[PDB]
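Worksheet: the structure to be examined is printed underneath.
If you read the sequence from its start, that first residue is 1, and numbering goes on from there. As a basis for the values below, the full set of heavy atoms in this structure was taken, side chains included, without hydrogen atoms, waters or symmetry mates.
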Amino acid sequence: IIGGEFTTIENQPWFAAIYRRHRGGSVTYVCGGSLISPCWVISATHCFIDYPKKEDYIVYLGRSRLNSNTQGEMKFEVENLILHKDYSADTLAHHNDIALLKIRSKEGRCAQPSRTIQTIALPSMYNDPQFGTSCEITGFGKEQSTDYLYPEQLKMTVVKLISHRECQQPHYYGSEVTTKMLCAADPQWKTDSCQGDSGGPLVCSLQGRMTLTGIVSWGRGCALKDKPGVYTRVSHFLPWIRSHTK
Ligand SMILES: N=C(N)c1ccc2cc([C@@H]3O[C@H]3c3ccccc3)ccc2c1
């Protein structure tokens with residue numbers, strides 16, 4: 001997250017921190033994710049497509065720092081790694097950038113809801129917030145595009161939703177951004193998601209309910225003028241989410 005504020009997991013309790021174990025035992029941060037039901041974390045396929053072995057992944061819930069075992073946190077392995085069958089990557093745009101991770105503790109259990117571990121509501125079909133609505137994003141991604149390290153403390157920011165017609169403008173993304181994608185950014189281009197924030201939530205308060213409207217997917221650079229963050233439009237994928245979580 002470029003700009004924004006440092007926060008803690010009690011403010012983002014649906015946030016999942018996803019890591020990968022390498023041969024030799026080293027563990028590194030991969031991407032963010034969101035808890036949609038006790039057994040299911042939703043994220044982005046581009047985070048896993050090059051290493052599609054479910055055994056390689058570690059998922060944390062209730063974790064506030066990158067290298068701290070936060071009080072109340074829960075650690076899980078991935079029982080099922082479900083990647084969207086028609087995923088593809090263009091120079092910038094990712095297509096069907098959505099993945100499901102069925103999680104399980106070493107005891108074979110799903111998440112135990114608490115003050116720091118909570119699910120996030122899914123949207124209803126054809127019901128997204130209007131353009132201009134403020135939504136929040138969270139993650140452990142880069143604070144600056146030139147950084148190679150990620151921040152130790154979890155960060156959040158607030159961005160505004162941008163219409164499909166505005167995002168398809170020539171100085172924005174043209175026809176590279178589709179109707180299955182949602183754009184959001186800072187009108188002053190000072191705050192945004194960045195590399196490392198992929199798979200994490202775009203949460204919008206809609207008709208009084210906090211909703212998982214988007215999943216961090218792609219963007220040209222980070223907090224670059226006329227280059228919004230692009231998010232998987234969760235409402236389009238409700239039949240795919242319901243069928244793959246059954
Ligand atoms: N401007 C943004 N909001 C934004 C949002 C998500 C991003 C995600 C990346 C990921 O590093 C890119 C990548 C591409 C292809 C495969 C894996 C990772 C880089 C820049 C990103 C920028």
Could you give the distance from [atom1] ([X]) to [atom2] ([Y]), rounded to the nearest 0.5 Å?
X	Y	atom1	atom2	value
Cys194	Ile137	SG	CD1	10.0 Å
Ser105	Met74	OG	CE	5.5 Å
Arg63	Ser68	CZ	OG	7.0 Å
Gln12	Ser34	CD	OG	9.5 Å
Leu81	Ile49	CG	CD1	9.0 Å
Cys167	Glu176	SG	CD	10.5 Å

Step-by-step side chain to side chain contact (heavy atoms under 4.5 Å, CB included) determination, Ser175 to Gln168: CA-CA 6 Å; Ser175 297; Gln168 280 209 143; 4.3 Å; yes
Got [X] and [Y] here, is their nearest side-chain heavy-atom distance under 4.5 Å?
X	Y	result
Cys110	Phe76	no
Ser43	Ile18	yes
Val177	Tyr172	no
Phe48	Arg20	no
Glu73	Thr116	no
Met156	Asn11	no
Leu100	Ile36	yes
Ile103	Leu35	yes

Under 3.5 Å, side chain of [X] to main-chain N/O of [Y], donor-acceptor pair present?
X	Y	value
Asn96	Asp86	yes
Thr8	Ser64	no
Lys142	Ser193	no
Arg65	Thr70	no
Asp97	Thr45	yes
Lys155	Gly3	yes

Taking all non-hydrogen atoms of both residues, which atom of [X] and which atom of [Y] are closest, and how far apart?
X	Y	answer
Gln118	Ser114	CG-O, 3.4 Å
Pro151	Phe6	CB-CE2, 4.3 Å
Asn127	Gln207	OD1-NE2, 3.5 Å
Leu238	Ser124	CD1-C, 3.6 Å
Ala184	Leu161	CB-CD2, 4.0 Å
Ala16	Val59	CB-CG1, 4.0 Å

Does [X] belong to the same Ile/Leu/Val/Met/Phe/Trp/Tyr cluster as [Y], with side-chain heavy atoms less than 4.5 Å apart forming each link?
X	Y	result
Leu224	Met181	no
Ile2	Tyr150	no
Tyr51	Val41	yes
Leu92	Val230	yes
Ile9	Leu66	yes

For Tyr148, the other hydrophobic cluster members (4.5 Å side-chain criterion, sorted by chain and number) are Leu149
Is it true that, when you exclude [X] itself, more than 12 heavy atoms of the residues, nucleotides or ligands shown sit nearer than 6.0 Å to its [atom1]?
X	atom1	answer
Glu5	CD	no
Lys190	NZ	no
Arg220	CZ	no

Evaluate side chain to side chain contact (heavy atoms under 4.5 Å, CB included) for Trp14 paired with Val203, printing each intermediate quantity in order. CA-CA 10 Å; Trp14 48 81; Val203 169; 3.7 Å; yes
Set out, in order, the CA-CA distance, both residues' side-chain angles and the distance that settles side chain to side chain contact (heavy atoms under 4.5 Å, CB included) for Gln112 and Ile117, then state yes or no. CA-CA 7 Å; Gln112 174 64 275; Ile117 304 172; over 6 Å; no
Are any of the side-chain nitrogens in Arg115 or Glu10 under 4.0 Å away from the carboxylate oxygens of its partner?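 Here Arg115 pairs with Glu10 in a salt bridge, since their nearest N and O are under 4.0 Å apart.
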Check step by step if side chain to side chain contact (heavy atoms under 4.5 Å, CB included) holds for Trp40 and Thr119. CA-CA 9 Å; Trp40 290 97; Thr119 63; over 6 Å; no
Sole candidate of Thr213, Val234, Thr211 that passes side-chain contact (heavy atoms from CB on, under 4.5 Å) when paired with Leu122: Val234
side-chain contact (heavy atoms from CB on, under 4.5 Å) partner of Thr157, the single match among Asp197, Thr7, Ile1, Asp192: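 Checked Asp197, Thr7, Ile1, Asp192 against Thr157; only one passes side-chain contact (heavy atoms from CB on, under 4.5 Å): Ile1.
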Does the side chain of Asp90 come under 3.5 Å of the side chain of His95 through a donor N or O and an acceptor N or O?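 Short answer, yes.
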Residue of the set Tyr19, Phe15, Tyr29, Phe140 for which ring-ring contact (aromatic ring centres under 6.0 Å, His included) holds with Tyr60: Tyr19
With sequence neighbours left out, what residues match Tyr231 under ring pair (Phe, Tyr, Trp, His ring centres under 6.0 Å)?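 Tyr231: no ring pair (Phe, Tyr, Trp, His ring centres under 6.0 Å) contacts found.
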By ring pair (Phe, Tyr, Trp, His ring centres under 6.0 Å) - contacts of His46 (at least two apart):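 Only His94 meet the ring pair (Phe, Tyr, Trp, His ring centres under 6.0 Å) criterion with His46.
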